[PDB]
Amino acid sequence: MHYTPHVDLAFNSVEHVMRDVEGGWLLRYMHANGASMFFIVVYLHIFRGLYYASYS
Amino acid sequence: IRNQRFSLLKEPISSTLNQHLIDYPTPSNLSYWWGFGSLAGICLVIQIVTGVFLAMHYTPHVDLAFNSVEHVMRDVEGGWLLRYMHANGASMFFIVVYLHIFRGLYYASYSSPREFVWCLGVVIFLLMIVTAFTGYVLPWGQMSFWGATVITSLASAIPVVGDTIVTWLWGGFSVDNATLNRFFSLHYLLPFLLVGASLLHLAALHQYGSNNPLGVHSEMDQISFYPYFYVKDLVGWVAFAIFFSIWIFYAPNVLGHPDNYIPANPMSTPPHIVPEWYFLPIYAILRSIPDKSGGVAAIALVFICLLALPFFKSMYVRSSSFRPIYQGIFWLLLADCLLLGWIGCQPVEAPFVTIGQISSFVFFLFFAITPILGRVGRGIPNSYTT
Amino acid sequence: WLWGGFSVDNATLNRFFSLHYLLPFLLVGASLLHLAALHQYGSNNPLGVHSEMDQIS
Amino acid sequence: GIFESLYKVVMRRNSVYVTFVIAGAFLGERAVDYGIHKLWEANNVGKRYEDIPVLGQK
Amino acid sequence: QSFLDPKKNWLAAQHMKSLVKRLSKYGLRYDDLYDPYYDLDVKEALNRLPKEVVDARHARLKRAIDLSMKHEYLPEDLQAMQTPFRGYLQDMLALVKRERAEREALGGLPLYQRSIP
Amino acid sequence: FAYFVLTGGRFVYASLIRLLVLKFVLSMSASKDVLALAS
Amino acid sequence: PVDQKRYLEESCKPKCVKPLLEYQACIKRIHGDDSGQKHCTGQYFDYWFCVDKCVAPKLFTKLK
Amino acid sequence: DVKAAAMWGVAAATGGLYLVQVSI
Amino acid sequence: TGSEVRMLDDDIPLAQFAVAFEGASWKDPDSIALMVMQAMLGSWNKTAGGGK
Amino acid sequence: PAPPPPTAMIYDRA
Amino acid sequence: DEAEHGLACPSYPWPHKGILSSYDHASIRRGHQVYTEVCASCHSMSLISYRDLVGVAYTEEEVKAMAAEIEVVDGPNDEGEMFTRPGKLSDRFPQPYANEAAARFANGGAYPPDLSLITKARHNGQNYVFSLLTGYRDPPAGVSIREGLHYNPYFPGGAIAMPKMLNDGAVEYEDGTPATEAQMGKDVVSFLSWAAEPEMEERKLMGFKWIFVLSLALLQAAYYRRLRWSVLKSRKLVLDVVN
Amino acid sequence: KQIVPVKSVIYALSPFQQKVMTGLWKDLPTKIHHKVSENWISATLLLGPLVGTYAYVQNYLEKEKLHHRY
Ligand code: HEC
Ligand code: HEM
Ligand code: HEM
Ligand code: HEM
């Protein structure tokens, strides 16, 4: 809702989200760190499946 | 029977697909008017694919939206075909949805068992209206910008929170870059909500079964869907493809508005601000009664009437083929809807405003006369009994 | 063809944005199929043994 | 006769039928393109880009 | 009712004539249009109806559906022999409705409820 | 005769599917602007 | 180089005799205005619409 | 069958050459 | 001529159907091959000792 | 022809 | 209401109108010449590049020379300053004015609109543009137009701020064809129609092909549906019921 | 949703043993007569308000235009 995909405006738009948008920094940090935790949880999912041989 | 493997359709990997698309029993007497649901699904898929391939060359910025659209038209190989397909297919999607709705109205495909199907259809109609509105705002043309401004200004009709709601929706004090980005995100998001709603629509109908032109209980004479209704649907798809190619390759901008090719100028205003042709009945219902909160209430009443249509009782005779009075009422309703749509593309002069006031009254008279007729005709068998 | 040109540029950025918006919904569908396929036979247990005897809602 | 013999030849096997379908689609598209191009050139005579009287006199 | 009687009202007489013509084309009675899935009172009435009557209704419905699929009507002789409005369901439907009404009036619980779709 | 009528229809459908797929792919491919800027 | 459009518009006057006469009558009746608020734009538009309808096919027939 | 697999491979190659159309 | 006759009753406990192609004449040399094809499509019965 | 009397067919009689 | 709505424009037999009709590329070239001669001093076409004219109205060498005879600004050099260099094939058409404010100031408060999509941005685009160009005539008796504004019946409102620029002999065509007002108007409208819709020829060819092919598909699909439904639509049903 | 059984005898012919598209353009005058006669009331009701309203609007606009002609 506040990201501009142009080459000259993507970085400026992300910084605008961080600074000007009310609570936008929370959205940006939550999206990035939630991608991180999504991969953490998926790796734990895969490793638990490997341990208990849930692929039988 | 389950001891060893049989036809792979019955296997669990394809069991649901088989049961809902191949072996599903449907009435054998379905006309060509029943292919419009599948045709609308095809139109929705076409819109999703074409939009996904357009978003790779569209920049949602006030200084780059129109230039990006023109870049798609000219520089992108096949981009003119892509955008023409997208716009004209939104038009055909609304066309086939209107045909779907009016066929349901004629054959009373909503009355007792398909009330949830009709309600899901109304929700789908709301989602399509919102998605098409945002998508039309996306190119950032003169007409697009001013239609967005006016239609969002309708939101300033709730007596308490109207101004707050419209200011929050605008992203500011006027339609600007924030509104463009907001509408782009919403216009991308909603079609997937539309897909989910369409899946729920199909499942809810498949719970009971498709209605037939006779309106009678159709379970003694039913046929499998695939070998017999895939070919009829294929005929419908090819005819729609001919129509769609006709409207793309030869009359691309006829359905569109010429003012949308003028870059959006907030300072100036077009002489006549009119929405897309498929919002014209709603716009005419809005402008019929002179008010703003009154017009929003009228639109809400229209949608409430559509939602409450299936919940009327004593509609024992379903199909309009066996109801002369209801058939006449339906044809008058269709004429009224066409006249209302024509009025919506006209100024607010005296004859136009008078006819719009009359047309909305007839539109609601349809939704009252139908329960009145059902209650009156509930006692038909005792009176004509021989 | 993936770059949409000769180097990573505005075309690549826009295409990647469209794909990044689209894919998580395909991810939603794939996860729904994941759950539906699991529910066909059940869920494994730390013992790995047959577990249709002591089962709770 | 002719239809039955052709049916035998191009539908004894489904793979052969699919290959014939692809080949016929290609050939029919080429023939339709050729015919439509001839019609277009016959209709639009003297208006083509190569038909401009001046092309290198600038 | 006064205006619904074809004898006292010309508009009702024309409506009855048109309805008879429409029903006789597909050769099914008026009560065949009633849907068991609609009210479930029709379902209970058909459950209480004799097997011969139910089978005849199903045969008439199948014939009408087949005729609609074929885009054709009954021949002239069968249309002449067609006798719509010869009721078989109205009396039992009224009885079921009366039983439901008295059950509702005297507290009670519905013998059957339409499942939420 | 019926199979060959269906075969002609399949000629038509295959042509349409092929051209639609190629149109989408080449639309996602490079554009005239970047092609000309290459020089 | 004389204008084909002007020549054919001059040649289409007989086809639009009635609108031209109506416009001339409007001018004659309106002559003598006090301050303003009076014009013959309707008759002007009718006459020139008739002339334009008369002139287009011949116009692009003569034009190359 | 070996012959069936070979004919299906030929059909797939023909379809690929119809789609991509390298040197027609 | 390819055709079908369906006599649905649902009053009989069991359903009996027969689907048949066109065979060969008595003197047709392929008649013996048709008998062999019948043999490799042999009959099965619920009370048959062969079982499965 | 004429419609059958209400005492001609089995379903009508029932 | 008539004056504010504007005079309706007649339907013209354009050379590029029809199912199998293409642009008159000679007329496209003449229209481009007259545009760059007597129309680029006020109007701009920012959506049209020079490379668009290659293979349509001019050869590649001609377009290269035409782009080289103009100077456009380029980005910062090694010294960080802005410089000007002769244009190239991919350069857009030059803008006569610096910006919209300069255009309005120079044209007496009126902004000359972009001509890239002018035939698509007006209802009845081609005929309207032709009539507006070649329809500067005396106002009807009764209406007075202010100084600095010229009367054009086809312009919405009656009064237009654009002086009559299409006068006989304004542009000397290289073809030797007469420089008539109507001829130059037709050439201008053809060039603008090409600029707004450069894909018309390919679009019409593809549309004709797919309409014919899909009509054949509709015939085959009807045959297929009737063949599949042949068993159902040609069956006898015995039901043991008469009324 | 369960299929109801009906005692019937059905005779059906193979799709390749009978004509396919010949029955389409057969009895066309009779088909057209049925379409016209069975639906003339519906066509009148659909196109009645439209044509009458269009004529009324055109007459009103013409009357106003000549009234404001000075
Ligand atoms: C400078 C004197 C100009 C030249 C040379 C041309 N045009 Fe023009 N044009 C000019 C102005 C100042 C305006 C604005 C008028 C207004 O009141 O908005 C215009 C406008 C147009 C339009 C728009 C008409 C409309 O209804 O919006 C068109 C289509 C147009 N001009 C076309 C045009 C052409 C084709 C020219 C080459 C012959 C041309 N103009 C030259 C100023 C000037
Ligand atoms: C997620 C999928 C979709 C995406 C990414 C998308 C994206 C876009 C974009 C970028 C445009 C502007 C480009 C142009 O019009 O040339 C547009 C226009 C439009 N879209 Fe969508 N869209 C999608 C789905 C839909 C759907 C489902 C509808 C119909 C409800 C729709 C209706 C429209 C309309 C009416 C326009 C205006 C076309 C015009 O006249 O310019 N879009 N869309
Ligand atoms: C996204 C648009 C829509 C799609 C894809 C869609 C899809 C479908 C499909 C596939 C069917 C089953 C096939 C059929 O019976 O025609 C169907 C049936 C139906 N739809 Fe929709 N639909 C859409 C919009 C609507 C709307 C807006 C309504 C109005 C409430 C509606 C009401 C119905 C009804 C009542 C049926 C039952 C048909 C019958 O039994 O006669 N649909 N739809
Ligand atoms: C989008 C990310 C994913 C989601 C949302 C997801 C979701 C789920 C859910 C809801 C279950 C059932 C509850 C449970 O964990 O026991 C499940 C089970 C399972 N998932 Fe996933 N999953 C994801 C990724 C993966 C991946 C990457 C794999 C690796 C192949 C995987 C393999 C499994 C297996 C083997 C089970 C069975 C658990 C067992 O019975 O032991 N999942 N998943």
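Summary of computed values
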{"item": "Residue in the stretch C:42-51 that is more than 11 Å from every other protein chain (Cβ to nearest Cβ), in a helix (DSSP H, G or I) and either on the phi > 0 side of the Ramachandran plot or within 16 Å of ligand 4 (Cβ to nearest atom) (or both) present", "result": "no"}
{"item": "Every pair of residues 6+ apart whose Cβ atoms lie under 8 Å, when the first sits in the stretch K:4-21 and is facing chain G (nearest Cβ under 9 Å) while the second is of a type in the set (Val, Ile, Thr) and surrounded by 19 or more Cβ atoms within 10 Å (Cβ to Cβ)", "result": "K:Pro10/G:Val55; K:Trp14/K:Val189"}
{"item": "Criterion violated by K:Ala65 - all others in (1) among the small types (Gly, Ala, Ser); (2) away from ligand 1 (no atom under 16 Å from the Cβ); (3) over 22 Å from the mean Cα position of the chain (by Cα); (4) away from every other protein chain (no Cβ under 11 Å) satisfied", "result": "(4)"}
{"item": "From K:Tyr111, K:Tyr128, residue being within 9 Å of ligand 1 (Cβ to nearest atom), within 14 Å of chain G (Cβ to nearest Cβ) and either of a type in the set (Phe, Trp, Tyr) or more than 30 Å from K:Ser11 (Cβ to Cβ) (or both)", "result": "K:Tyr128"}
{"item": "Near pairs, Cβ below 8 angstrom, 6+ apart or cross-chain, from the stretch A:38-56 (exposed (fewer than 11 other Cβ atoms within 10 Å of the Cβ)) to any residue that is part of a helix (DSSP H, G or I)", "result": "A:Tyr55/A:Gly49"}
{"item": "Meets criteria (within 14 Å of chain E (Cβ to nearest Cβ), closer than 30 Å to E:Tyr37 by Cα and assigned to a helix (DSSP H, G or I)) for B:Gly121", "result": "yes"}
{"item": "Selected residue (criterion: nearest to B:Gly89 (Cα to Cα)) from residues of the stretch B:221-250 that are within 10 Å of chain K (Cβ to nearest Cβ) and outside any helix (DSSP H, G or I)", "result": "B:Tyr250"}
{"item": "Residue count, the stretch C:1-28 (criterion: within 7 Å of another protein chain (Cβ to nearest Cβ) and over 16 Å from F:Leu26 (Cβ atoms))", "result": "10"}
{"item": "Only listed residue being closer than 23 Å to B:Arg103 by Cβ, out of contact with any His (no Cβ under 9 Å at 6 or more places or on another chain), away from ligand 3 (no atom under 16 Å from the Cβ) and β-branched (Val, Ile, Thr), chosen from B:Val238, B:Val166", "result": "B:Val238"}
{"item": "Some residue of the stretch B:168-177 being crowded, with 18+ Cβ neighbours inside 10 Å, over 18 Å from the mean Cα position of the chain (by Cα), among the aliphatic types (A, V, I, L, M) and more than 11 Å from ligand 2 (Cβ to nearest atom)", "result": "yes"}
{"item": "Residue count for the stretch E:81-108, restricted to those that are within 14 Å of chain J (Cβ to nearest Cβ) and in contact (Cβ under 8 Å) with a residue 24 or more places away in the chain", "result": "9"}
{"item": "Residues within the stretch H:8-24 that are assigned to a helix (DSSP H, G or I) and over 8 Å from the mean Cα position of the chain (by Cα), tallied", "result": "2"}
{"item": "Identity of the residue in the stretch B:328-356, closer than 22 Å to E:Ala12 by Cβ and free of Cβ contacts under 8 Å to residues at least 40 places away in the same chain, that ends up surrounded by the fewest Cβ atoms within 10 Å (Cβ to Cβ)", "result": "B:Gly328"}
{"item": "Where E:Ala59 falls short, out of the listed (1) within 14 Å of chain J (Cβ to nearest Cβ); (2) in contact (Cβ under 8 Å) with a residue 24 or more places away in the chain; (3) part of a helix (DSSP H, G or I)", "result": "(2)"}
{"item": "Number of the condition not met by K:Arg85 [criteria: (1) more than 24 Å from B:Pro271 (Cβ to Cβ); (2) of a type in the set (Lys, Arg); (3) part of a loop (DSSP other than H, G, I, E, B)]", "result": "(3)"}
{"item": "Selection count, the stretch D:1-53, where residues are assigned to a helix (DSSP H, G or I) and either polar (S, T, N, Q) or in contact with a strand residue (DSSP E or B) (Cβ under 7 Å, 6 or more places away or on another chain) (or both)", "result": "5"}
{"item": "Residue ID - surrounded by the most Cβ atoms within 10 Å (Cβ to Cβ), chosen from residues in the stretch B:149-167 that are in a helix (DSSP H, G or I) and hydroxyl-bearing (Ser, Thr, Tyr)", "result": "B:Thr152"}
{"item": "Tabulated pairs, the stretch B:180-206, first away from chain A (no Cβ under 14 Å), second within 16 Å of ligand 4 (Cβ to nearest atom) and in a helix (DSSP H, G or I), C-beta under 6 angstrom, 6+ apart or interchain", "result": "B:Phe192/C:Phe25"}
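A quick yes/no check of all residues on (1) in contact (Cβ under 8 Å) with a residue 60 or more places away in the chain; (2) of a type in the set (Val, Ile, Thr); (3) within 16 Å of ligand 2 (Cβ to nearest atom):
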{"residue": "K:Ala67", "(1), (2), (3)": "no, no, no"}
{"residue": "K:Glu81", "(1), (2), (3)": "no, no, no"}
{"residue": "K:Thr84", "(1), (2), (3)": "no, yes, no"}
{"residue": "K:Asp91", "(1), (2), (3)": "no, no, no"}
{"residue": "K:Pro96", "(1), (2), (3)": "no, no, no"}
{"residue": "K:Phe130", "(1), (2), (3)": "yes, no, no"}
{"residue": "K:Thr134", "(1), (2), (3)": "no, yes, no"}
{"residue": "K:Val143", "(1), (2), (3)": "yes, yes, no"}
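No lab work stands behind these numbers, since they all come straight from the coordinates. Methodologically, a virtual Cβ is constructed for each residue, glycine included, from the backbone with ideal geometry; neighbour enumeration extends over all protein chains shown.
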